[PDB]
Every structure is written in C-alpha cells, then in structure tokens.
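Here the structure comes first, spelled out in structure tokens, and everything after it is commentary.
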Amino acid sequence: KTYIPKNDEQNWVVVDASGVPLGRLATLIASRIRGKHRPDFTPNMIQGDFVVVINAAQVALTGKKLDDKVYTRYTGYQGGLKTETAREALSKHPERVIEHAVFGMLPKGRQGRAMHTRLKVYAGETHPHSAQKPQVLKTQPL
Amino acid sequence: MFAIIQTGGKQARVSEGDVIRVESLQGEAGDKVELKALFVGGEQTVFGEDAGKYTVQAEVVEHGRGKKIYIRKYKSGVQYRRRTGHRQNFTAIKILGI
Amino acid sequence: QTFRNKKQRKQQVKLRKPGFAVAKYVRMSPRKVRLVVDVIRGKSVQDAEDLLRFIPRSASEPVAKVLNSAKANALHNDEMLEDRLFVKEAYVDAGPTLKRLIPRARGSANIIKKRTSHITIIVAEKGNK
Amino acid sequence: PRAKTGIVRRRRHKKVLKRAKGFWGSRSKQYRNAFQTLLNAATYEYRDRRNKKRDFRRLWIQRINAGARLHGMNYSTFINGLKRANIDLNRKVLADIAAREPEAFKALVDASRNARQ
Amino acid sequence: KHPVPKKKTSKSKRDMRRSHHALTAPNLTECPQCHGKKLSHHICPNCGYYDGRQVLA
Amino acid sequence: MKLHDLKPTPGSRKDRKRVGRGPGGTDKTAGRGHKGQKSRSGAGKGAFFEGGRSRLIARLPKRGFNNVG
RNA sequence: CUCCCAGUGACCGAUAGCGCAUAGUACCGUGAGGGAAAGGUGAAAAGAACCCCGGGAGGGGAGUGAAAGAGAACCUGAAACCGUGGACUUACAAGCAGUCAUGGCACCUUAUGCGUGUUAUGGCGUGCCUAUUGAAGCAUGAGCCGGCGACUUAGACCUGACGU
RNA sequence: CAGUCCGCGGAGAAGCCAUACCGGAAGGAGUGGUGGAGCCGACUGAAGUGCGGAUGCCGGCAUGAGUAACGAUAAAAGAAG
Ligand SMILES: [Mg+2]
Ligand SMILES: [Mg+2]
Ligand SMILES: [Mg+2]
Ligand SMILES: [Mg+2]
Ligand SMILES: [Mg+2]
Ligand SMILES: [Mg+2]
Ligand SMILES: [Mg+2]
Ligand SMILES: [Mg+2]
Ligand SMILES: [Mg+2]
Ligand SMILES: [Mg+2]
Ligand SMILES: [Mg+2]
Ligand SMILES: [Mg+2]
Ligand SMILES: [Mg+2]
Ligand SMILES: [Mg+2]
Ligand SMILES: [Mg+2]
Ligand SMILES: [Mg+2]
Ligand SMILES: [Mg+2]
Ligand SMILES: [Mg+2]
Ligand SMILES: [Mg+2]
Ligand SMILES: [Mg+2]
Ligand SMILES: [Mg+2]
Ligand SMILES: [Mg+2]
Ligand SMILES: [Mg+2]
Ligand SMILES: [Mg+2]
Ligand SMILES: [Mg+2]
Ligand SMILES: [Mg+2]
Ligand SMILES: [Mg+2]
Ligand SMILES: [Mg+2]
Ligand SMILES: [Mg+2]
Ligand SMILES: [Mg+2]
Ligand SMILES: [Mg+2]
Ligand SMILES: [Mg+2]
Ligand SMILES: [Mg+2]
Ligand SMILES: [Mg+2]
Ligand SMILES: [Mg+2]
Ligand SMILES: [Mg+2]
Ligand SMILES: [Mg+2]
Ligand SMILES: [Mg+2]
Ligand SMILES: [Mg+2]
Ligand SMILES: [Mg+2]
Ligand SMILES: [Mg+2]
C-alpha cells in the first residue's frame with residue numbers, strides 16, 4: 001500500500017567542521033548519511049547523501065576534552081590493552097577522530113557498515129571531489 | 001494516489017477499485033457517498049472543512065472473504081499450543097465520485 | 001498425438017533408454033568411484049576412453065567397461081554416429097551393502113560396510129550445439 | 001480388534017514437513033526438528049502480526065517529520081498545528097502519501113503553521 | 001583422555017571439507033609415432049616408443 | 001425401521017475418558033499429579049498414622065419380624 | 001483338562017499373530033538351558049531364442065506377454081540417507097536457523113492473484129521435553145526416519161451422574 | 001473392525017506422490033502422477049484407536065571419514081611363466 005522508491009538519487013555535500021564542536025557536527029553527518037533529511041523512504045536502503053567534511057583538523061572539543069579524553073582500542077593481544085591515544089595527538093591523523101564519532105552513531109549492521117563508505121573526511125581546506133560537485137550545507141541546524 | 005483510512009471508510013482523491021471492511025449494504029446497491037478529508041482535483045489541493053463540502057460516490061462491487069490466516073500461539077515448557085482459523089470479510093468497491 | 005489411457009500407452013509406446021548403461025552391484029565404495037566419474041563427465045567419449053585409462057584408481061576399471069557398453073549401445077542399438085558421441089551423463093549411486101563382523105580389542109566387535117556401486121553412463125551425440 | 005497407527009502418523013508428519021519448506025538443514029527434512037522450528041515460528045508469527053503496525057507507524061511518522069523539517073517545522077510542531085485546526089483528522093499514512101506530493105504537503109504545513117500563531 | 005567429536009557434522013560443512021578432493025585429470029598427450037595417448041616424459045603404452053621403440057610390447 | 005436410522009437416546013451413552021493422548025486434553029500426567037502414590041494401585045482406605053479408633057460394645061445375633069402396616 | 005480332530009470368530013494378517021507362514025533350526029552355552037529373522041514374477045513360464053559391450057557380473061536391443069512402467073536382488077516401493085540435472089543465489093560475514101516487511105529474479109495445471117519458488121536488505125527474536133522457587137541454559141533425556149510402545153480387563157461388588 | 005444402507009471399480013480400487021483449494025481445529029475435498037485389485041460416504045456398535053521424547057524396542061540409514069589402522073622391525077630383489 002505504501003509508496004517506496006528506487007535508489008536513483010546520488011547526492012554530494014560539503015559539511016564544514018572548522019570551529020564546530022565534534023559530536024554536534026557528527027550527529028548531523030550521521031543523520032544525513034542514514035537518510036533522515038529526505039523522506040527516509042525506506043529502512044531497507046541507504047538513500048543518504050555523500051558527505052565530504054573539510055578542515056576537520058580545525059575541529060573543536062568544547063570541554064577540557066582535548067586532553068584527558070581517551071581512545072581505547074584492543075589489539076587482541078594481552079598487553080595490547082587500551083592502546084590509549086586519547087588526545088590532540090590523535091589529531092596527528094585528525095580525520096579518523098571524526099569518522100569514529102559518526103560511526104559511533106551509524107548502525108552496526110551489514111548496511112550500517114556499508115554506509116560508512118559515503119563519509120569523506122578531509123582535514124585540509126581542500127578535497128578532491130570537485131568532479132562530484134558537492135553542495136554546501138550549514139553547520140547550524142534548525 | 002489517495003486511499004481509504006481503514007477505521008471505517010473515508011478517504012481522499014482516488015479513482016480505482018479497492019477492497020475494504022464489510023459494509024452492511026449488500027449487492028452493488030450501496031452507491032456509497034463518502035465524505036473525504038482531502039482532494040487533489042485539478043492539481044488544486046483542498047482539505048479540512050473544505051473537504052466536508054465535497055463528497056464522492058462509489059458503487060459497491062462485491063462482498064468477500066479474504067485470504068486465509070491461521071491464529072497460532074505457543075508458550076514454552078507449559079505444553080500449550082493453540083491453533084485457529086480466520087478470514088476477514090470485506091466489500092470491494094469501485095470509485096466514481098466528484 | 002497421445003493415447004486413450006496409460007493401459008494403451010503401455011502397449012503402443014515401449015519406451016527405450018538411448019545411450020544408457022548401468023553396472024550394478026560393483027563391489028566398491030561409490031564414494032571412491034565418483035572421484036573419477038566426475039573427471040569423465042561432459043567430455044568427448046574418446047577423451048573419456050583416454051582419461052579413464054591413466055587415472056590411477058581401481059575404480060577406473062568398472063567405470064571403463066560401462067563406458068564401452070554405453071558407446072556400444074549408442075552405436076549398435078541406437079544408430080548414433082561415434083564421432084558425435086559424448087558423455088552427456090555419468091553418475092554412481094550406491095547399491096546394497098555387505099555387512100561383516102570385525103573383532104576389536106577387549107572383546108567388542110564392530111560392523112563394517114562393504115558398499116557396492118551402481119555406476120551408470122549415458123553417451124549421446126555432440127550434435128547438441 | 002487391532003488398529004495399528006499406519007497411515008495416520010505419516011499424514012501428520014507430511015503436513016508438518018510441508019509447512020516447513022523454506023527452512024535450512026533438517027529444519028526442512030526431518031520431522032522432529034521441522035515441528036520444533038515451527039514452534040518458535042508460531043511464537044514469532046503471532047508477535048509480528050501486531051508489531052508490524054508498530055513498525056509501519058514508525059515509518060509513517062519518520063517520513064512525516066522529514067518534510068516537516070524540509071519546510072522548517074517538525075513532526076511535533078507540525079502535527080500539533082494539524083491538530084490545532086480541528087478539521088484535519090487524516091491518518092499519518094495519508095500524511096506520508098502527501099509527503100510524496102510536495103505541493104499539498106506544503107499547503108498543509110502552511111495550514112498547520114497558521115494555527116500555532 | 002579420549003577426545004570425541006561433539007555434535008554430528010552437517011551435510012553442508014562436510015561438503016565444504018571435501019571441496020579439495022577434486023581429482024586432477026592427467027595431462028595426456030598423443031604419441032607422435034603412433035595413434036594413442038601417452039603420459040608426458042613416459043613411453044607410449046600402446047606403441048612402446050620413447051624415440052625408437054623402448055619397451056617390448 | 002430401516003436400522004441405519006437407529007440411534008440410542010441422546011445422552012444415554014457417554015464416551016470414555018482417554019486419559020493420556022496429549023495436549024488437547026489431559027496431557028503429560030494423566031489425571032495423576034506429579035509423583036506421590038499415584039503410580040500403581042495400593043493403599044485402600046485408612047489414614048496411615050492412626051485409625052480413628054474407638055471402643056467396642058458387642059453382641060452377635062438378632063431376628064427381625066416381617067412388617068405389615 | 002485339552003497333546004489331538006471338526007466347526008466357528010464386531011481374532012491377527014509378515015515388528016501382528018504360536019518362538020516358527022515353520023525351526024526348538026541357525027546361533028549362544030561344559031551344562032541345565034536360552035533362541036532368531038521369515039513371505040509375494042505372472043493369468044499361465046509363455047521364465048527371455050538370437051544379436052551387441054564385458055572373463056564376468058551387470059547391462060542395451062529383439063522377442064514372449066495385456067503390462068518386461070512384470071525379468072527372476074521379480075507387488076506395491078513411504079522416510080531417513082547418497083546422488084545427477086535446472087531456477088534463484090552465496091567468498092568485509094557475528095549467525096536457536098525463524099517472523100513480518102520491502103525490493104530483485106524466475107514461473108503460471110486448486111494459478112495473473114490479498115499468487116507459487118527463490119532471494120537481498122531492514123526490524124524483530126534465549127531449541128524441545130522434563131524436573132523446577134527459578135531453564136537458552138554450562139541441569140536430564142535424545143544421531144536421524146520408520147515402524148512396535150503405556151490409564152486396561154474382570155465381578156450376580158460399592159458409590160454418583162445421565163438414559164430406558 | 002462389525003451390522004445396515006448408498007454406492008464405486010481393469011475406460012481401473014486401495015496404497016504412494018505433488019498441489020496456491022476448503023472448515024474454527026483435530027481434519028477433509030478437487031485435479032494430476034504412479035499403482036494394478038479391491039474400496040470410499042452416511043447411521044449405529046466395539047476397540048490392541050491417535051507418539052518426540054522413556055541412556056525406550058525392532059529396523060534401516062547418517063556423523064566421526066576416506067580418518068585410525070591392515071595383527072611383532074626375521075628385510076627382500078631380478079628374470080621367466
Ligand atoms: Mg513454568
Ligand atoms: Mg505389442
Ligand atoms: Mg537389500
Ligand atoms: Mg517477533
Ligand atoms: Mg589418553
Ligand atoms: Mg477431558
Ligand atoms: Mg513425571
Ligand atoms: Mg513433589
Ligand atoms: Mg498386591
Ligand atoms: Mg484390601
Ligand atoms: Mg512374528
Ligand atoms: Mg516389515
Ligand atoms: Mg521359538
Ligand atoms: Mg549347526
Ligand atoms: Mg541381474
Ligand atoms: Mg524394469
Ligand atoms: Mg515396478
Ligand atoms: Mg531375475
Ligand atoms: Mg497381483
Ligand atoms: Mg518391487
Ligand atoms: Mg559482499
Ligand atoms: Mg561464521
Ligand atoms: Mg523462550
Ligand atoms: Mg534447585
Ligand atoms: Mg542440556
Ligand atoms: Mg549426552
Ligand atoms: Mg460365585
Ligand atoms: Mg435413575
Ligand atoms: Mg484411474
Ligand atoms: Mg490432504
Ligand atoms: Mg489382476
Ligand atoms: Mg480393508
Ligand atoms: Mg496402545
Ligand atoms: Mg512428552
Ligand atoms: Mg524415538
Ligand atoms: Mg538403533
Ligand atoms: Mg592424520
Ligand atoms: Mg596411518
Ligand atoms: Mg597395532
Ligand atoms: Mg618375487
Ligand atoms: Mg632376463
């Protein structure tokens with residue numbers, strides 16, 4: 001009875017990150033990926049836009065978080081324990097920090113893996129994807 | 001385009017031949033004139049108590065029993081299994097109102 | 001183009017099995033026999049004649065003889081042309097099983113399965129395609 | 001009079017095996033496990049038939065606030081504005097079909113928003 | 001002591017195990033000095049030529 | 001009559017109790033409980049601590065008349 | 001009373017019925033003693049001349065026959081279980097094996113549908129029985145399919161319900 | 001299984017096999033395919049009358065698996081049949 005559509009759309013957008021809190025921006029990207037902004041036409045299919053973050057290395061952590069925030073990740077090995085990289089020294093490879101947020105909120109299933117594809121972090125002011133002609137979208141939500 | 005709101009009848013800007021729950025007017029006699037809360041006639045959308053102005057007729061087409069279903073129920077370690085038959089009566093109608 | 005009943009069809013159409021041969025009760029494990037029977041299958045009946053002859057298994061003997069009978073009744077009985085013939089079909093199913101007692105330590109016996117084999121092959125003209 | 005089980009049992013068995021025909025492994029071919037898988041199958045059947053309304057209600061609402069925010073309102077404010085005018089009593093599913101027809105949806109959005117003022 | 005397998009092994013996983021028992025067809029090749037086929041770096045069984053005739057038969 | 005029209009009076013014959021025979025009626029245990037002396041017959045009628053015992057005053061014969069009102 | 005004979009049966013009909021469709025044999029035991037599976041061409045043998053591949057065994061033709069979709073491993077020939085072929089599928093997947101939903105492919109003989117087979121993705125989801133205060137349990141039983149397998153009978157009995 | 005009806009059947013019974021049909025369920029029909037000689041429906045009567053379990057019984061077939069082994073470490077090799 002209910003309308004469903006084809007996945008015919010493929011849409012590209014450049015989120016900015018400079019001065020934005022992490023998490024605040026991250027939920028916006030997770031919502032755009034998971035498809036809520038368009039009439040979320042199905043659970044079944046990933047109709048979200050492709051999301052190209054820039055200047056991610058200017059990301060803001062609004063507390064004391066730049067220190068004392070931690071990044072535990074287990075290498076299977078004993079003593080491979082909480083291999084804690086934690087801080088702004090993780091801004092030695094800034095982009096993954098942001099990924100790790102939105103993937104913290106993207107679904108954990110087969111599809112939920114597969115959407116992380118469309119996340120295109122870029123810590124610099126420049127990105128390759130001019131051929132996609134991504135569309136601007138503002139960090140303030142309303 | 002538009003559809004019955006199941007709760008009894010009542011719907012919007014359609015033109016088709018749809019099933020719905022039984023009508024207690026038998027035959028093709030009913031000629032049911034239902035009220036509708038929305039319409040896109042002329043692509044001119046109209047809704048609200050504007051749609052208490054407009055009304056659409058539709059002949060009754062056929063009484064009917066839907067496709068069968070069993071009602072099965074289970075609970076663990078208690079013996080207790082249950083099984084029952086069921087089919088839902090309906091009265092398919094075709095639309096031709098304003 | 002069809003008869004009254006099955007009682008008449010049984011009298012008038014006698015149903016033949018072109019290309020067909022089967023070797024029943026071969027005292028061998030089928031499991032072993034299919035190992036070669038897969039190699040043969042789908043191939044030119046001369047390559048079957050040659051394959052079967054160097055593959056180094058005891059099971060290659062009975063699977064050899066049947067193949068000839070397939071080609072034999074492909075040619076004597078069925079008018080087929082041997083430069084067309086090929087192994088359209090080959091399979092082995094299990095026949096009956098000789099069971100034997102075998103003594104084992106501390107006074108227990110066991111039962112032991114001497115499986116038999118029903119090898120079967122169906123050659124046909126490579127006129128398909 | 002003797003009266004052996006005979007044909008009865010195997011009728012019953014084949015019925016079960018015939019209900020169980022999409023099933024993997026011996027959930028499809030042995031009776032015992034076929035009948036056992038069908039036990040939990042009955043449970044899950046009777047659950048989903050009335051949970052499916054929950055899921056579809058979710059999908060309707062989830063599609064409605066999308067166009068709501070597309071216009072700069074949202075589901076809570078938009079249905080409160082379609083309620084604040086008494087005359088809108090259509091089901092959420094029909095608001096979805098309207099969300100698939102943008103012009104009428106925007107007409108209802110401006111109608112609703114002219115009722116929380 | 002005395003390990004045993006736990007649950008009976010299923011048809012499907014058994015077949016994945018046997019996935020490697022596929023036989024390797026000999027690389028046959030026809031004798032230049034005869035009709036029939038012969039294994040490479042061996043004498044032709046039918047003729048007996050490895051270059052002249054080598055085996056008796 | 002014609003004898004295949006014969007039927008005994010309604011409710012003049014009730015069917016048996018097929019105690020056993022599974023979950024549509026009277027299942028795992030038949031009517032019997034879980035355990036206890038519900039197993040195979042034996043005990044009769046007595047409380048199996050004490051008899052409810054009272055004294056006896058005792059005599060042996062009698063000889064009644066037939067009655068005519 | 002019934003080794004034995006006849007007659008009869010809301011008795012059995014090849015796991016039933018005597019243990020035996022025959023056998024107190026085979027087999028087990030020094031011994032006293034224990035102790036099996038059972039069956040079915042076809043009307044009639046007309047029981048397959050003859051030819052083909054193979055030492056055979058087995059098979060394909062031909063004939064006989066109503067049927068060889070009966071051929072002597074000879075009524076039917078269910079299930080587990082083993083295969084051959086074809087549709088759809090499957091090699092970043094986490095999974096009581098299903099349940100509902102949506103899509104993709106295939107097909108149309110109670111069947112062009114509120115379809116059948118399959119399938120991808122989404123959501124959902126602690127085998128069964130038993131014994132338990134409490135069971136997915138790492139508590140018991142169980143390899144799987146078949147088939148045997150447990151609330152009966154008796155009596156000039158006692159007691160209740162219903163019916164005549 | 002029995003009594004009594006109604007019948008069916010070598011233009012083919014039961015049984016077996018598919019099946020989207022039917023009743024509220026136990027179930028029961030339609031059509032097709034084997035099968036080849038007995039059998040359905042209604043009313044009544046009697047039962048050895050409905051199985052997943054009992055480390056149940058008789059039976060067949062799986063898994064372990066082409067795995068462990070092939071029964072003394074007194075070895076065997078060439079020709080020829
Ligand atoms: Mg309980
Ligand atoms: Mg003839
Ligand atoms: Mg046998
Ligand atoms: Mg559920
Ligand atoms: Mg040890
Ligand atoms: Mg009762
Ligand atoms: Mg108990
Ligand atoms: Mg107790
Ligand atoms: Mg006693
Ligand atoms: Mg007493
Ligand atoms: Mg017997
Ligand atoms: Mg038997
Ligand atoms: Mg005896
Ligand atoms: Mg002897
Ligand atoms: Mg023979
Ligand atoms: Mg035959
Ligand atoms: Mg036959
Ligand atoms: Mg014979
Ligand atoms: Mg006969
Ligand atoms: Mg037979
Ligand atoms: Mg993949
Ligand atoms: Mg895995
Ligand atoms: Mg549970
Ligand atoms: Mg306890
Ligand atoms: Mg357990
Ligand atoms: Mg155990
Ligand atoms: Mg007496
Ligand atoms: Mg009385
Ligand atoms: Mg017939
Ligand atoms: Mg049926
Ligand atoms: Mg006859
Ligand atoms: Mg009979
Ligand atoms: Mg019994
Ligand atoms: Mg039980
Ligand atoms: Mg059992
Ligand atoms: Mg056994
Ligand atoms: Mg090894
Ligand atoms: Mg070894
Ligand atoms: Mg040894
Ligand atoms: Mg020697
Ligand atoms: Mg010499």
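Within each chain, counting starts at residue 1; across the structure tokens, chains are named A, B, ... in the order shown, with ligands numbered 1 upward in that order.
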All residues within 10 Å of ligand 23 are required, counting only C-alpha atoms (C1' of nucleotides) and all ligand atoms; please report them as a PyMOL selection string.
(chain B and resi 75-77) or (chain D and resi 40+43) or (chain G and resi 125-127+135-136)
Write out, as a PDB file, in the first residue's frame, the residues just selected, with C-alpha atoms (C1' of nucleotides).
ATOM      1  CA  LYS B  75       4.284 -20.976  25.216  1.00  0.00           C
ATOM      2  CA  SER B  76       7.430 -22.808  26.318  1.00  0.00           C
ATOM      3  CA  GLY B  77       7.561 -25.733  28.713  1.00  0.00           C
TER       4      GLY B  77
ATOM      5  CA  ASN D  40       9.217 -20.847  17.635  1.00  0.00           C
ATOM      6  CA  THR D  43       5.617 -17.502  18.514  1.00  0.00           C
TER       7      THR D  43
ATOM      8  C1'   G G 125      13.539 -12.951  18.049  1.00  0.00           C
ATOM      9  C1'   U G 126      17.126 -17.057  24.569  1.00  0.00           C
ATOM     10  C1'   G G 127      15.877 -25.214  20.630  1.00  0.00           C
ATOM     11  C1'   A G 135      15.746 -23.320  32.209  1.00  0.00           C
ATOM     12  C1'   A G 136      18.556 -20.763  26.126  1.00  0.00           C
TER      13        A G 136
END
With a cut-off of 9 Å, could you pull out the residues of chain H touching ligand 41 and give me the nearest pair of atoms for each, distance in Å to one decimal, using only C-alpha atoms (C1' of nucleotides) and all ligand atoms, ordered by chain and ascending number, as JSON lines?
{"residue": "H:78", "atom": "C1'", "partner": "ligand 41", "partner_atom_place_in_ligand_line": "1 (Mg)", "distance": 7.9}
{"residue": "H:79", "atom": "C1'", "partner": "ligand 41", "partner_atom_place_in_ligand_line": "1 (Mg)", "distance": 4.2}
{"residue": "H:80", "atom": "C1'", "partner": "ligand 41", "partner_atom_place_in_ligand_line": "1 (Mg)", "distance": 7.0}
Within-10 Å residues of ligand 4, basis only C-alpha atoms (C1' of nucleotides) and all ligand atoms, as a list in words
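I would give the residues around ligand 4 as residues 40, 41, 42, 43, 44, 45, 46, 47, 48, 49, 50, 51 and 52 of chain D; 98, 99, 100, 123, 124 and 125 of chain G.
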Identify, on the basis of only C-alpha atoms (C1' of nucleotides), every residue whose closest approach to residue 128 of chain A does not exceed 12 Å; exclude the query and any residue fewer than 5 positions from it along the same chain; express the result as number ranges by chain.
A: 14, 52-54, 120-122, 133-134
Dump N, CA and C atoms for the selected residues as an mmCIF file, in the first residue's frame?
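What follows is the written file again-v7.cif:
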data_model
loop_
_atom_site.group_PDB
_atom_site.id
_atom_site.type_symbol
_atom_site.label_atom_id
_atom_site.label_comp_id
_atom_site.auth_asym_id
_atom_site.auth_seq_id
_atom_site.Cartn_x
_atom_site.Cartn_y
_atom_site.Cartn_z
ATOM 1 N N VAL A 14 29.246 19.128 0.999
ATOM 2 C CA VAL A 14 30.441 19.507 1.766
ATOM 3 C C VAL A 14 30.079 20.136 3.104
ATOM 4 N N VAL A 52 31.211 15.173 2.606
ATOM 5 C CA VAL A 52 32.629 15.455 2.365
ATOM 6 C C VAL A 52 33.069 16.519 3.367
ATOM 7 N N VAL A 53 33.567 16.082 4.525
ATOM 8 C CA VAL A 53 33.999 17.028 5.551
ATOM 9 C C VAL A 53 35.294 17.694 5.122
ATOM 10 N N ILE A 54 35.427 18.992 5.411
ATOM 11 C CA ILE A 54 36.680 19.697 5.172
ATOM 12 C C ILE A 54 37.148 20.363 6.458
ATOM 13 N N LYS A 120 33.485 11.089 3.866
ATOM 14 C CA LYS A 120 34.668 11.509 3.117
ATOM 15 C C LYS A 120 35.323 12.646 3.902
ATOM 16 N N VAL A 121 36.024 12.299 4.977
ATOM 17 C CA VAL A 121 36.675 13.315 5.788
ATOM 18 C C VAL A 121 37.883 13.881 5.047
ATOM 19 N N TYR A 122 38.179 15.161 5.288
ATOM 20 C CA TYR A 122 39.351 15.808 4.692
ATOM 21 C C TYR A 122 39.836 16.904 5.636
ATOM 22 N N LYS A 133 30.970 17.688 -7.653
ATOM 23 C CA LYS A 133 30.333 18.981 -7.419
ATOM 24 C C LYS A 133 29.471 18.984 -6.156
ATOM 25 N N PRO A 134 30.059 18.752 -4.984
ATOM 26 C CA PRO A 134 29.260 18.680 -3.755
ATOM 27 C C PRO A 134 28.601 20.010 -3.425
#
Within 6 Å of segment 17-23 of chain C, counting only C-alpha atoms (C1' of nucleotides), which residues show up once you throw out same-chain ones fewer than 2 positions away? Write them as a PyMOL selection string, please.
(chain C and resi 70+74+118-124) or (chain G and resi 58-59)
Surrounding residues as a PDB file with C-alpha atoms (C1' of nucleotides), in the first residue's frame, ligand 24, max 12 Å, only C-alpha atoms (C1' of nucleotides) and all ligand atoms:
ATOM      1  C1'   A G 131      12.408 -31.562  36.594  1.00  0.00           C
ATOM      2  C1'   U G 132      11.720 -26.644  38.863  1.00  0.00           C
ATOM      3  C1'   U G 133      11.066 -21.313  43.822  1.00  0.00           C
ATOM      4  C1'   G G 134      13.510 -20.312  39.042  1.00  0.00           C
ATOM      5  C1'   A G 135      15.746 -23.320  32.209  1.00  0.00           C
ATOM      6  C1'   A G 139      20.547 -29.257  34.696  1.00  0.00           C
TER       7        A G 139
END
Hey, which residues sit close to ligand 33? Say within 8 Å, counting only C-alpha atoms (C1' of nucleotides) and all ligand atoms, and write them as JSON, numbers by chain.
{"G": [149, 150], "H": [48, 49]}
Would you mind listing, as a ChimeraX atom specification, all residues of chain B that have at least one atom within 12 Å of chain G, where only C-alpha atoms (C1' of nucleotides) are what counts?
/B:18-20,64-69,75-79,87-90,92
For residue 71 of chain A, work out the shell of residues within 12 Å, counting only C-alpha atoms (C1' of nucleotides) and skipping chain neighbours fewer than 5 positions away, then give it as a list in words.
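Listing them by chain and then by number gives residues 65, 66, 81, 82, 83, 84, 85, 86, 87, 88, 89, 90, 91, 96, 97, 100 and 101 of chain A.
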For the structure I just gave you, how does DSSP split chain C - specifically, which residues are helix (DSSP H, G or I)? Reply as a VMD selection string.
chain C and resid 6 to 12 30 to 40 45 to 54 60 to 77 105 to 107
With DSSP run on the backbone, what are the strand (DSSP E) residues within chain B? I'd like them as a ChimeraX atom specification.
/B:17-18,32-34,38-41,44-47,56-58,60-65,69-74,81-86,89-94
Spatial neighbours of residue 43 of chain E, 12 Å, only C-alpha atoms (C1' of nucleotides), chain gap at least 2 places, as a list in words
residues 29, 30, 31, 32, 33, 34, 36, 37, 38, 39, 40, 41, 45, 46, 47, 48, 49, 50, 51, 52, 53, 54, 55, 56 and 57 of chain E
May I have the residues within 12 Å of ligand 30, computed using only C-alpha atoms (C1' of nucleotides) and all ligand atoms, as an MDAnalysis selection string?
(chainID D and resid 8 10:12 14:15 18) or (chainID H and resid 17:19 21:22 27:30)
Nearby residues, ligand 37, 12 Å, only C-alpha atoms (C1' of nucleotides) and all ligand atoms, as a PyMOL selection string:
chain H and resi 65-69
At most 9 Å to chain F: residues in chain B, only C-alpha atoms, as a PyMOL selection string:
chain B and resi 79-82
Any chance you could export the current selection's N, CA and C atoms as a PDB file, in the first residue's frame?
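Output file out.pdb is given in full below:
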ATOM      1  N   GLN B  79       3.337 -27.307  28.013  1.00  0.00           N
ATOM      2  CA  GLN B  79       2.626 -27.796  26.828  1.00  0.00           C
ATOM      3  C   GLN B  79       2.046 -26.604  26.084  1.00  0.00           C
ATOM      4  N   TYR B  80       0.727 -26.541  25.999  1.00  0.00           N
ATOM      5  CA  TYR B  80       0.046 -25.363  25.478  1.00  0.00           C
ATOM      6  C   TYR B  80       0.581 -24.948  24.109  1.00  0.00           C
ATOM      7  N   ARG B  81      -0.078 -25.469  23.077  1.00  0.00           N
ATOM      8  CA  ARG B  81      -0.105 -24.888  21.742  1.00  0.00           C
ATOM      9  C   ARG B  81      -1.571 -24.658  21.353  1.00  0.00           C
ATOM     10  N   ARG B  82      -1.798 -23.612  20.562  1.00  0.00           N
ATOM     11  CA  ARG B  82      -3.125 -23.194  20.137  1.00  0.00           C
ATOM     12  C   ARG B  82      -3.114 -22.963  18.638  1.00  0.00           C
TER      13      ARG B  82
END
Interface list for chain G, partner chain A, 12 Å threshold, only C-alpha atoms (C1' of nucleotides), as a list in words
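Result, ordered by chain then number: residues 92, 93, 94, 101, 102, 103, 104, 114, 120, 121, 122 and 123 of chain G.
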Interatomic distance, atom CA of residue 85 of chain C to atom CA of residue 126 of chain C (Å, one decimal):
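Interatomic distance, atom CA of residue 85 of chain C to atom CA of residue 126 of chain C: 5.8 Å.
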Which neighbours of residue 40 of chain F fall inside 12 Å, counting only C-alpha atoms (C1' of nucleotides), when residues of the same chain fewer than 5 positions from it are skipped, and could you give them as a list in words?
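In the requested form, the answer reads residues 32 and 35 of chain F; 151 of chain G.
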Give me, as a PyMOL selection string, the set of residues whose atoms come within 12 Å of any atom of ligand 13, counting only C-alpha atoms (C1' of nucleotides) and all ligand atoms.
chain G and resi 18-20+22-26+34-37
Step by step, measure atom-to-atom distances between ligand 10 and each residue using only C-alpha atoms (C1' of nucleotides) and all ligand atoms, keep those at most 9 Å, then write them as a list in words.
residues 42, 43, 44 and 45 of chain F
Export, as a short mmCIF file (atom, residue, chain, number, x, y, z; two decimals), in the first residue's frame, the selected residues with N, CA, C and O atoms.
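Writing done, so here's selection_32.cif:
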data_model
loop_
_atom_site.label_atom_id
_atom_site.label_comp_id
_atom_site.auth_asym_id
_atom_site.auth_seq_id
_atom_site.Cartn_x
_atom_site.Cartn_y
_atom_site.Cartn_z
N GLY F 42 -2.52 -49.51 45.20
CA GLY F 42 -2.18 -49.98 46.52
C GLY F 42 -2.22 -48.94 47.63
O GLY F 42 -1.46 -47.97 47.61
N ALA F 43 -3.17 -49.15 48.56
CA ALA F 43 -3.32 -48.50 49.86
C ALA F 43 -4.73 -48.72 50.42
O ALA F 43 -4.90 -48.94 51.63
N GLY F 44 -5.76 -48.67 49.58
CA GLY F 44 -7.12 -48.76 50.11
C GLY F 44 -7.50 -47.54 50.94
O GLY F 44 -7.18 -46.40 50.57
N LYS F 45 -8.17 -47.77 52.10
CA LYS F 45 -8.86 -46.72 52.89
C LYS F 45 -8.52 -46.68 54.40
O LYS F 45 -9.18 -47.30 55.25
#
